[PDB]
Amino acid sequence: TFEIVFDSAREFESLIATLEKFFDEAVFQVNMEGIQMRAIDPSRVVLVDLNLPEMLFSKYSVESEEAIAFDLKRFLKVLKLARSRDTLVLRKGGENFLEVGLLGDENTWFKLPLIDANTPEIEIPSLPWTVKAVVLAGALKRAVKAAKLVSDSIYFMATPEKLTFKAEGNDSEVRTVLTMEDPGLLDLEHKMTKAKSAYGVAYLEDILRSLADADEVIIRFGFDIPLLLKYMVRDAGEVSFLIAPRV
């Protein structure tokens, strides 16, 4: 049994929008100290690790901890009805429905059918990342969107002064390059000197679309090793994607 209240349904819409891009269904582990989800796409290209601690929520109250599961696209449509300043209520009682409320000038209350919550354990390898950077979302979205014109793949490369995103096609190429001189780069740490991998443009663009240009995004990578893109949610939540490399 739970009742959780978040003060921005629209913020939450935007997390759900990123998830629906990769998964048809999500399992939410609802615990005393917060919400967690971990899932992988059927292509095994994309892994999400999501942690939403209770402190993020206006009211948070859970009795028995349990996993709920529901159709991402169904939930997303409800959330797309939220107006500015609507609050969000997620509520579960006795039956097997998630109750969803949108509270504004009117109060709108949906009930959505829950489904089989059988997530098998997902284990996260340790990963020898040699690069780590903090960049602005608008900068990445630039890079990524410039790659798409040229290719389905984007190269992430670093030296210790240099963060470069490049693509190459049959007859075109595109380098976007960031140093400590640019606003979009906040931080750049190399544990070495040569670092290069490729990831699927389509995948990254779907990850970065909800974020506002000004959101900080954390990046970690290496040679032919999964890419990390992590966003802090109100300085407490985490949202983490691992994206498998290419070639």
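Residues carry their position along the shown sequence, with the first being 1.
- Higher average CA B factor: 218-226, of the stretches 218-226 and 39-47.
- As the entry records it, the average C-alpha temperature factor is higher for 152-160, out of 152-160 and 75-83.
- Among the modelled residues of its chain, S197 has a C-alpha B-factor that falls in the highest third according to the deposited record.
- Sort the chain's modelled residues by C-alpha temperature factor and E168 lands in the middle third, per the entry.
- In the deposited entry, the Cα temperature factor of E20 sits in the bottom third of values across the chain's modelled residues.
- Sort the chain's modelled residues by C-alpha temperature factor and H190 lands in the highest third, per the entry.
- Ranked by C-alpha B-factor against the other modelled residues of its chain, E11 falls in the lowest third.
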